[PDB]
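Here is the structure we will look at, set down as structure tokens.
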Amino acid sequence: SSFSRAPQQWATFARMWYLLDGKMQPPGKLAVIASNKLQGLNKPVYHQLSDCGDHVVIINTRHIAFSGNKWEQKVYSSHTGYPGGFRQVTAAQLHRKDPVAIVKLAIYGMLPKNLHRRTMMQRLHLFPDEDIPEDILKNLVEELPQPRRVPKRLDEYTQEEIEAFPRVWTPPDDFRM
Amino acid sequence: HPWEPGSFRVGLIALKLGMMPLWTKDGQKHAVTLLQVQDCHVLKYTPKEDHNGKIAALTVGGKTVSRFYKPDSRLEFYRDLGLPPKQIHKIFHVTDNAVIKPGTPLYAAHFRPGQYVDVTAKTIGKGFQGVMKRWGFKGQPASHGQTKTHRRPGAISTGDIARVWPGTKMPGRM
Amino acid sequence: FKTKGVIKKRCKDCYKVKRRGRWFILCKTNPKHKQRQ
RNA sequence: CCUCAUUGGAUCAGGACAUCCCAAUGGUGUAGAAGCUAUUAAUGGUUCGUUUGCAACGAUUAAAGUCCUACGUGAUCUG
RNA sequence: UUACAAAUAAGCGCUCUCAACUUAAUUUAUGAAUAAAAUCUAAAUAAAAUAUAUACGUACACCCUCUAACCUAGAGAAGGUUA
Ligand SMILES: [Mg+2]
Ligand SMILES: [Mg+2]
Ligand SMILES: [Mg+2]
Ligand SMILES: [Mg+2]
Ligand SMILES: [Mg+2]
Ligand SMILES: [Mg+2]
Ligand SMILES: [Mg+2]
Ligand SMILES: [Zn+2]
């Protein structure tokens with residue numbers, strides 16, 4: 001309150017810069033978060049005619065995780081338009097060629113199938129590793145929680161924690177192990 | 001720098017003089033083409049980063065031309081380099097060890113007998129052509145009732161797809 | 001290797017394995033006994 | 001009591017794989033050489049004539065595949 | 001060689017054509033479930049192995065004066081050339 005008409009309008013409809021970390025995150029749960037921010041659906045002032053979307057920056061897209069055997073079972077298909085121009089490439093092969101492709105395609109499908117979707121994709125910035133340009137860092141406003149809880153490896157477990165967990169059974173001494 | 005394996009050095013721009021016969025000690029005759037290296041200088045250098053490739057780039061140019069019907073932009077480019085304007089520029093991919101300073105002339109001795117080479121140039125223009133001379137289509141018979149169809153393309157495509165595939169061979173500029 | 005719908009052992013020496021997503025009966029003594037599903 | 005009426009070719013071919021040749025393999029009553037059977041693979045290729053109205057042959061080839069596209073295709077042509 | 005009884009165009013003349021990161025059938029090596037001095041593994045692993053293909057290359061890359069003339073560039077426009 002007490003803002004002039006012009007600054008108040010500017011503050012309300014300003015676009016925000018967010019950061020997602022894709023380390024060990026499934027690409028489609030990142031898309032759910034990224035797609036929501038891009039459309040501006042996180043804002044109570046959201047309207048389909050208001051161009052109120054936000055920037056989303058995603059890092060570590062090289063280290064995404066697929067549940068099950070989706071790396072080998074999920075296939076991306078494209079056509080150049082010429083006879084003999086149909087290509088079907090598995091998720092693993094697409095990942096090797098382009099580290100950023102899988103996340104970008106997952107987000108693309110989630111956005112509304114209208115002309116504005118292509119503008120939204122301009123607001124999306126994907127980097128395969130943690131490296132970010134200097135300018136992009138300055139823009140960032142807020143980080144975002146990861147959608148998937150990352151299980152710890154055995155090495156990560158502390159020595160105290162191992163002791164706390166009980167020994168369900170004991171090996172007999174007459175065992176090679 | 002000295003040569004190391006995997007290096008790529010600069011190339012030259014030359015003018016095509018013509019052809020002549022040539023013979024080997026085995027008596028075989030080989031038709032050969034004569035290429036003249038003519039006012040070939042190194043013009044510009046980029047580093048690997050700016051060219052966006054893994055490898056760097058050198059721009060060479062040959063066959064000095066007049067200065068009288070050229071845009072001011074091209075003339076300024078050469079005035080900085082202190083050379084008379086050249087007919088054509090081309091880009092060569094050169095490794096870092098093989099970089100040569102701009103303004104450096106190049107000569108036919110840059111090549112030696114026994115090495116194999118690759119030549120790229122614009123082909124002779126044939127204008128707008130038909131389908132027989134552009135893609136070697138058989139065509140249709142001369143007589144026996146053929147009505148106004150001798151050198152024409154046959155059926156473009158199939159009836160089902162209800163369109164013409166992109167990349168279909170058609171009459172055009174050859 | 002015959003690709004058949006049902007895999008059945010044909011001799012004592014025949015043994016069964018699960019390789020590359022399929023069931024195999026492999027017999028060292030008699031290679032005729034080899035079957036894939 | 002009898003019955004009976006769309007399809008070739010030319011041009012350019014797109015695709016399926018249930019593979020004719022080329023390529024990688026299992027088995028054999030696989031000594032070698034020839035073969036037989038099955039898996040995998042759609043990669044490029046897959047001839048020229050004679051009598052023919054549907055076949056009938058000749059000479060070749062690594063092979064002269066089987067099918068789908070409204071005889072694929074007559075505002076491209078032809079019997 | 002055949003034409004234009006032209007300085008050109010053709011073939012019946014001449015030259016040049018290559019790399020495979022990524023697999024399937026199949027075959028090995030190490031080794032658990034499963035006391036083996038077993039087992040190629042929809043166990044964790046290490047390799048070899050069709051046709052495909054574009055990761056990797058070559059080609060392209062210039063912001064460009066134009067009265068006009070000329071051009072191995074061209075339907076027009078475009079493009080090249082101009083002590
Ligand atoms: Mg003819
Ligand atoms: Mg006529
Ligand atoms: Mg259609
Ligand atoms: Mg075809
Ligand atoms: Mg098959
Ligand atoms: Mg028609
Ligand atoms: Mg017409
Ligand atoms: Zn057996």
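Ordering of the structure tokens sets the chain letters (A, B, ...); residue numbers start at 1 within each chain; ligands are numbered from 1 in the order shown.
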
Worksheet item: What residues in chain B have any atom no more than 12 Å from chain A when counting only C-alpha atoms, and can you write them as a ChimeraX atom specification?
Response: /B:157,164-169

Item to complete: Please identify the residues whose atoms come within 12 Å of ligand 3, using only C-alpha atoms (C1' of nucleotides) and all ligand atoms, and report them as number ranges by chain.
Response: B: 158-165

Would you mind exporting the chosen residues as a PDB file, in the first residue's frame, restricted to C-alpha atoms?
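Everything below was put into result.pdb:
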ATOM      1  CA  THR B 158       1.094 -41.993 -54.794  1.00  0.00           C
ATOM      2  CA  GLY B 159      -2.613 -41.263 -54.539  1.00  0.00           C
ATOM      3  CA  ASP B 160      -2.858 -42.070 -50.829  1.00  0.00           C
ATOM      4  CA  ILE B 161      -0.607 -39.446 -49.252  1.00  0.00           C
ATOM      5  CA  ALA B 162      -2.547 -36.713 -51.097  1.00  0.00           C
ATOM      6  CA  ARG B 163       0.574 -34.524 -51.233  1.00  0.00           C
ATOM      7  CA  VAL B 164       4.101 -34.352 -52.642  1.00  0.00           C
ATOM      8  CA  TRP B 165       6.909 -35.438 -50.339  1.00  0.00           C
TER       9      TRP B 165
END

Discussion item. Any residue with an atom at most 8 Å from ligand 4 counts, using only C-alpha atoms (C1' of nucleotides) and all ligand atoms. Which are they? Put them as a VMD selection string.
Written reply: chain D and resid 13 to 15

Worksheet entry | Expected selection as a PyMOL selection string for ligand 6 within 9 Å, only C-alpha atoms (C1' of nucleotides) and all ligand atoms | (chain B and resi 155+159) or (chain D and resi 73-76)

Discussion item. As a PyMOL selection string, please: the residues near range 60-77 of chain A (cut-off 9 Å, only C-alpha atoms (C1' of nucleotides), same-chain neighbours under 4 positions excluded).
Written reply: chain A and resi 20-27+86-95+98-103+126-131

Tell me, which residues of chain C carry DSSP strand (DSSP E), written as a PDB file with N, CA and C atoms, in the first residue's frame?
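Listed below is the output, result_35.pdb:
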ATOM      1  N   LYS C   2      16.322 -73.255 -31.324  1.00  0.00           N
ATOM      2  CA  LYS C   2      14.986 -73.069 -31.868  1.00  0.00           C
ATOM      3  C   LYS C   2      14.188 -72.170 -30.936  1.00  0.00           C
ATOM      4  N   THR C   3      13.471 -71.211 -31.515  1.00  0.00           N
ATOM      5  CA  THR C   3      12.604 -70.323 -30.744  1.00  0.00           C
ATOM      6  C   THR C   3      11.221 -70.962 -30.687  1.00  0.00           C
ATOM      7  N   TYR C  15      20.192 -78.087 -18.773  1.00  0.00           N
ATOM      8  CA  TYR C  15      20.006 -77.159 -17.668  1.00  0.00           C
ATOM      9  C   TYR C  15      19.399 -75.873 -18.206  1.00  0.00           C
ATOM     10  N   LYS C  16      18.879 -75.056 -17.292  1.00  0.00           N
ATOM     11  CA  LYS C  16      18.081 -73.892 -17.641  1.00  0.00           C
ATOM     12  C   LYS C  16      18.745 -72.623 -17.124  1.00  0.00           C
ATOM     13  N   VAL C  17      18.603 -71.542 -17.895  1.00  0.00           N
ATOM     14  CA  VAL C  17      19.187 -70.249 -17.555  1.00  0.00           C
ATOM     15  C   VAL C  17      18.248 -69.157 -18.048  1.00  0.00           C
ATOM     16  N   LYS C  18      18.441 -67.947 -17.523  1.00  0.00           N
ATOM     17  CA  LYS C  18      17.617 -66.782 -17.847  1.00  0.00           C
ATOM     18  C   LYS C  18      18.559 -65.682 -18.333  1.00  0.00           C
ATOM     19  N   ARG C  19      18.863 -65.686 -19.628  1.00  0.00           N
ATOM     20  CA  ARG C  19      19.808 -64.745 -20.215  1.00  0.00           C
ATOM     21  C   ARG C  19      19.093 -63.767 -21.136  1.00  0.00           C
ATOM     22  N   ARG C  22      15.284 -63.821 -21.616  1.00  0.00           N
ATOM     23  CA  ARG C  22      14.627 -65.004 -22.147  1.00  0.00           C
ATOM     24  C   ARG C  22      15.141 -66.241 -21.427  1.00  0.00           C
ATOM     25  N   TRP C  23      14.387 -67.326 -21.563  1.00  0.00           N
ATOM     26  CA  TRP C  23      14.708 -68.599 -20.936  1.00  0.00           C
ATOM     27  C   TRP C  23      15.396 -69.495 -21.956  1.00  0.00           C
ATOM     28  N   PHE C  24      16.497 -70.119 -21.548  1.00  0.00           N
ATOM     29  CA  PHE C  24      17.242 -71.032 -22.399  1.00  0.00           C
ATOM     30  C   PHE C  24      17.429 -72.358 -21.682  1.00  0.00           C
ATOM     31  N   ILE C  25      17.281 -73.451 -22.422  1.00  0.00           N
ATOM     32  CA  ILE C  25      17.754 -74.762 -21.995  1.00  0.00           C
ATOM     33  C   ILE C  25      19.010 -75.060 -22.797  1.00  0.00           C
ATOM     34  N   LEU C  26      20.143 -75.167 -22.114  1.00  0.00           N
ATOM     35  CA  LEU C  26      21.429 -75.402 -22.753  1.00  0.00           C
ATOM     36  C   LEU C  26      21.992 -76.736 -22.288  1.00  0.00           C
ATOM     37  N   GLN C  35      17.183 -74.716 -26.662  1.00  0.00           N
ATOM     38  CA  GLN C  35      15.922 -74.069 -27.005  1.00  0.00           C
ATOM     39  C   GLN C  35      15.880 -72.672 -26.407  1.00  0.00           C
ATOM     40  N   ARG C  36      15.273 -71.745 -27.141  1.00  0.00           N
ATOM     41  CA  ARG C  36      15.009 -70.397 -26.662  1.00  0.00           C
ATOM     42  C   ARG C  36      13.509 -70.146 -26.722  1.00  0.00           C
TER      43      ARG C  36
END

So that I can see what lies close to range 37-49 of chain D, please list as a PDB file with C-alpha atoms (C1' of nucleotides), in the first residue's frame the residues with an atom at most 8 Å from it, counting only C-alpha atoms (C1' of nucleotides) and leaving out residues fewer than 2 positions away in the same chain.
ATOM      1  CA  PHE C   1      18.641 -72.666 -30.934  1.00  0.00           C
ATOM      2  CA  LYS C   2      14.986 -73.069 -31.868  1.00  0.00           C
ATOM      3  CA  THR C   3      12.604 -70.323 -30.744  1.00  0.00           C
TER       4      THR C   3
ATOM      5  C1'   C D  17       9.481 -57.438 -43.492  1.00  0.00           C
ATOM      6  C1'   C D  20      15.486 -63.130 -52.923  1.00  0.00           C
ATOM      7  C1'   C D  21      20.931 -61.579 -53.033  1.00  0.00           C
ATOM      8  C1'   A D  24      26.450 -61.538 -38.426  1.00  0.00           C
ATOM      9  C1'   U D  25      25.276 -66.322 -36.100  1.00  0.00           C
ATOM     10  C1'   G D  26      22.887 -71.496 -33.576  1.00  0.00           C
ATOM     11  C1'   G D  27      22.080 -76.792 -35.026  1.00  0.00           C
ATOM     12  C1'   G D  58      15.578 -68.970 -74.287  1.00  0.00           C
ATOM     13  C1'   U D  60      22.106 -64.591 -67.966  1.00  0.00           C
ATOM     14  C1'   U D  61      22.873 -63.098 -62.729  1.00  0.00           C
ATOM     15  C1'   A D  63      20.086 -62.335 -56.624  1.00  0.00           C
ATOM     16  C1'   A D  64      16.223 -61.989 -60.795  1.00  0.00           C
ATOM     17  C1'   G D  65      12.042 -61.643 -53.081  1.00  0.00           C
TER      18        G D  65
ATOM     19  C1'   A E  24      20.728 -58.449 -32.044  1.00  0.00           C
ATOM     20  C1'   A E  25      20.807 -62.899 -32.895  1.00  0.00           C
ATOM     21  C1'   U E  50      25.127 -57.644 -38.855  1.00  0.00           C
ATOM     22  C1'   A E  51      22.432 -53.932 -41.111  1.00  0.00           C
ATOM     23  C1'   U E  52      21.474 -49.191 -39.371  1.00  0.00           C
TER      24        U E  52
END

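Coordinates place CA of residue 33 in chain A at a distance of 9.3 Å from CA of residue 56 in chain A.
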
Item to complete: Pick out the residues sitting within 10 Å of residue 138 in chain B, and hand them over as an MDAnalysis selection string; count only C-alpha atoms (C1' of nucleotides), and ignore anything fewer than 4 positions along from it in its own chain.
Response: (chainID B and resid 131:133 150:154) or (chainID D and resid 11:12)

Write to file, as a PDB file, in the first residue's frame, the residues of the selection just made, with N, CA, C and O atoms (P, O5', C5', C4', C3', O3' and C1' of nucleotides).
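Result file follows (result09.pdb):
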ATOM      1  N   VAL B 131      13.936 -32.531 -66.228  1.00  0.00           N
ATOM      2  CA  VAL B 131      14.074 -33.600 -65.249  1.00  0.00           C
ATOM      3  C   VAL B 131      14.995 -34.671 -65.822  1.00  0.00           C
ATOM      4  O   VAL B 131      15.659 -35.395 -65.075  1.00  0.00           O
ATOM      5  N   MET B 132      15.047 -34.770 -67.153  1.00  0.00           N
ATOM      6  CA  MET B 132      15.952 -35.719 -67.796  1.00  0.00           C
ATOM      7  C   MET B 132      17.406 -35.292 -67.638  1.00  0.00           C
ATOM      8  O   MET B 132      18.271 -36.111 -67.308  1.00  0.00           O
ATOM      9  N   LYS B 133      17.699 -34.014 -67.873  1.00  0.00           N
ATOM     10  CA  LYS B 133      19.072 -33.535 -67.783  1.00  0.00           C
ATOM     11  C   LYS B 133      19.485 -33.188 -66.359  1.00  0.00           C
ATOM     12  O   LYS B 133      20.686 -33.148 -66.074  1.00  0.00           O
ATOM     13  N   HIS B 150       7.146 -36.333 -73.624  1.00  0.00           N
ATOM     14  CA  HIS B 150       8.394 -36.992 -73.984  1.00  0.00           C
ATOM     15  C   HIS B 150       9.462 -36.849 -72.913  1.00  0.00           C
ATOM     16  O   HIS B 150      10.084 -37.846 -72.528  1.00  0.00           O
ATOM     17  N   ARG B 151       9.689 -35.637 -72.416  1.00  0.00           N
ATOM     18  CA  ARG B 151      10.711 -35.375 -71.413  1.00  0.00           C
ATOM     19  C   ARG B 151      10.110 -35.042 -70.055  1.00  0.00           C
ATOM     20  O   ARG B 151      10.823 -34.562 -69.170  1.00  0.00           O
ATOM     21  N   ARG B 152       8.828 -35.297 -69.869  1.00  0.00           N
ATOM     22  CA  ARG B 152       8.102 -34.868 -68.690  1.00  0.00           C
ATOM     23  C   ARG B 152       8.349 -35.814 -67.516  1.00  0.00           C
ATOM     24  O   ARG B 152       8.648 -36.993 -67.712  1.00  0.00           O
ATOM     25  N   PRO B 153       8.237 -35.320 -66.285  1.00  0.00           N
ATOM     26  CA  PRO B 153       8.179 -36.232 -65.142  1.00  0.00           C
ATOM     27  C   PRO B 153       6.915 -37.067 -65.204  1.00  0.00           C
ATOM     28  O   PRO B 153       5.874 -36.627 -65.699  1.00  0.00           O
ATOM     29  N   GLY B 154       7.004 -38.284 -64.690  1.00  0.00           N
ATOM     30  CA  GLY B 154       5.850 -39.156 -64.705  1.00  0.00           C
ATOM     31  C   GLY B 154       4.904 -38.812 -63.577  1.00  0.00           C
ATOM     32  O   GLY B 154       4.546 -37.646 -63.399  1.00  0.00           O
TER      33      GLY B 154
ATOM     34  P     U D  11      10.052 -47.053 -68.057  1.00  0.00           P
ATOM     35  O5'   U D  11       9.694 -45.638 -67.429  1.00  0.00           O
ATOM     36  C5'   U D  11       9.925 -44.442 -68.155  1.00  0.00           C
ATOM     37  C4'   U D  11       9.353 -43.245 -67.443  1.00  0.00           C
ATOM     38  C3'   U D  11       9.725 -43.101 -65.977  1.00  0.00           C
ATOM     39  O3'   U D  11      11.009 -42.534 -65.786  1.00  0.00           O
ATOM     40  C1'   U D  11       7.400 -42.780 -66.230  1.00  0.00           C
ATOM     41  P     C D  12      12.027 -43.161 -64.713  1.00  0.00           P
ATOM     42  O5'   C D  12      11.456 -42.684 -63.308  1.00  0.00           O
ATOM     43  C5'   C D  12      11.408 -41.308 -62.967  1.00  0.00           C
ATOM     44  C4'   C D  12      10.481 -41.055 -61.804  1.00  0.00           C
ATOM     45  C3'   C D  12      10.710 -41.897 -60.563  1.00  0.00           C
ATOM     46  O3'   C D  12      11.810 -41.482 -59.775  1.00  0.00           O
ATOM     47  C1'   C D  12       8.421 -41.878 -61.051  1.00  0.00           C
TER      48        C D  12
END

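With only C-alpha atoms (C1' of nucleotides) as the atoms that count, the minimum distance from chain B to the choices E:39, E:2, E:30, E:15 is reached by E:15.
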
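Residues in contact with ligand 2 (atom pairs separated by at most 7 Å; only C-alpha atoms (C1' of nucleotides) and all ligand atoms) are residues 142, 146, 147, 148, 149 and 150 of chain B.
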